[PDB]
Participant: 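First the structure, then my questions, so here it is.
Naming: A, B, ... by sequence-line order, numbering from 1 per chain. Hydrogens, waters and symmetry mates play no part in the numbers below; they use all other heavy atoms, side chains included.
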Amino acid sequence: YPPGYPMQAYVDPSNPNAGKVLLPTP
Amino acid sequence: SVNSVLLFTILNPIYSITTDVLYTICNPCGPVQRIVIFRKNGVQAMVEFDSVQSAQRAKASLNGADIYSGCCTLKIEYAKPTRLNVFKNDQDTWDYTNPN
């Protein structure tokens, strides 16, 4: 799996998967 | 109604969605058995896991995440079929328990 991913761009207290990026951009 | 099959609706599908992409992001959540991708009106995919527990781990971990930054936002629900029927292995459908 690409190092560093899934990556949490920011943490939203209302929504744990908001800001979550599963893979680097092709 | 829980299920071991999930329906992924991929909002804003800017990048190519293939069985390899979906296997890569889903199998760390739980063992994937089969994938079917529908491309007619947007992109939706069905992903069948080994168990309900794996499907629930995939749904909890990925629902509302983006596959790639700023796009490909995942809406995940339980699918209607309780198993997927796959007859070929390619970029659109795959059965990891039936090499052809």
Participant: How are the rings of B:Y15 and B:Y68 set to each other: parallel, tilted or perpendicular (split at 30° and 60°)?
Facilitator: perpendicular
Participant: How far apart are the C-alpha atoms of B:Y78 and B:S4, what are their side-chain angles, what is the distance that settles it, and do they pass the side-chain contact (heavy atoms from CB on, under 4.5 Å) test?
Facilitator: CA-CA 8 Å; B:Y78 296 106; B:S4 64; over 6 Å; no
Participant: Quick one, B:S61 with B:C29, criterion side-chain contact (heavy atoms from CB on, under 4.5 Å). Give me CA distance, side-chain angles, the key distance, then yes/no.
Facilitator: CA-CA 7 Å; B:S61 307; B:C29 300; 4.1 Å; yes
Participant: Is the count of non-hydrogen atoms from other residues, nucleotides or ligands lying under 6.0 Å from B:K88 atom NZ greater than 12?
Facilitator: yes
Participant: Heavy-atom distance under 4.5 Å between the side chains of B:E48 and B:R83, does that happen here?
Facilitator: yes
Participant: With rounding to the nearest 0.5 angstrom, report the CG to CZ distance, B:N63 to B:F8.
Facilitator: 8.5 Å
Participant: Is it the case that over 12 heavy atoms from other parts of the model lie below 6.0 angstrom from the CD atom of A:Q8?
Facilitator: yes
Participant: Test question: given the 4.5 Å side-chain rule for I, L, V, M, F, W and Y, name all other residues clustered with B:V86, or answer none.
Facilitator: B:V5, B:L7, B:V36, B:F38, B:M46, B:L84
Participant: Less than 4.0 angstrom from a charged side-chain N to a carboxylate O is my criterion; do B:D92 and B:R39 meet it?
Facilitator: yes
Participant: When rounded to the nearest 0.5 angstrom, what distance separates CG in B:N100 from CZ in B:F87?
Facilitator: 10.0 Å
Participant: Would B:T18 and B:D20 count as having a side-chain donor-acceptor pair, cut-off 3.5 Å?
Facilitator: no
Participant: What is the minimum heavy-atom distance between B:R34 and B:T97, and which atoms define it?
Facilitator: NH1-OG1, 3.8 Å
Participant: If only side-chain N and O atoms count, and only distance matters, is there a donor-acceptor pair under 3.5 Å linking A:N17 with A:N15?
Facilitator: no
Participant: I'd like to check B:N3 versus B:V52 (side-chain heavy atoms, cut-off strictly below 4.5 Å). Are they in contact?
Facilitator: no
Participant: Considering only heavy atoms from C-beta outward, does the side chain of A:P24 approach that of A:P2 to under 4.5 Å?
Facilitator: yes
Participant: State whether a side-chain donor-acceptor pair under 3.5 Å links B:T73 with B:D66.
Facilitator: yes
Participant: Is B:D50 reaching over with its side chain to a backbone N or O of B:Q33, donor-acceptor style, under 3.5 angstrom?
Facilitator: no
Participant: Same cluster or not: are B:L62 and B:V2 linked, directly or through other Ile, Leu, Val, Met, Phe, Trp or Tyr residues, by side-chain heavy atoms under 4.5 angstrom apart?
Facilitator: yes
Participant: Give the cluster check for B:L11 versus B:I17: same hydrophobic cluster or not, with ILVMFWY residues linked at side-chain heavy-atom distances below 4.5 Å.
Facilitator: no
Participant: Other residues, nucleotides and ligands only: do more than 12 of their heavy atoms fall within 6.0 Å of CD on B:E77?
Facilitator: yes
Participant: For the atom pair CD1 (B:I14) and SG (B:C71), what is the distance rounded to the nearest 0.5 Å?
Facilitator: 6.0 Å
Participant: Roughly how far apart are B:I25 CD1 and B:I67 CD1, rounded to 0.5 Å?
Facilitator: 4.0 Å
Participant: Just do the side-chain contact (heavy atoms from CB on, under 4.5 Å) check on B:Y96 and B:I35 with the steps written out, would you?
Facilitator: CA-CA 9 Å; B:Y96 300 89; B:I35 298 168; 3.6 Å; yes
Participant: Do the side chains of A:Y10 and A:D12 get nearer than 4.5 Å, heavy atoms only?
Facilitator: yes
Participant: Specify the closest pair of heavy atoms between B:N27 and B:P31, including all atoms of both residues, with the distance to one decimal.
Facilitator: OD1-CA, 3.5 Å
Participant: Give me the atom names and distance for the closest heavy-atom approach of B:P99 to B:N89.
Facilitator: CA-ND2, 3.9 Å
Participant: Checking side-chain polar atoms at under 3.5 Å, does B:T19 have a donor or acceptor matched by the opposite partner on B:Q91?
Facilitator: no
Participant: How close do B:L6 and B:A58 get, counting heavy atoms only, and between which atoms?
Facilitator: CD1-CB, 4.0 Å
Participant: Should A:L22 and A:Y1 be marked as a side-chain contact (heavy atoms from CB on, under 4.5 Å) after you check the CA-CA gap, both sets of side-chain angles, and the distance that decides it?
Facilitator: CA-CA 10 Å; A:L22 301 182; A:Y1 209 92; 3.9 Å; yes
Participant: Please report the closest heavy-atom contact between B:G70 and B:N12, naming both atoms and the distance.
Facilitator: O-ND2, 3.8 Å
Participant: Which pair of heavy atoms, one from B:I37 and one from B:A45, lies closest together, and at what distance?
Facilitator: CG1-CB, 4.0 Å
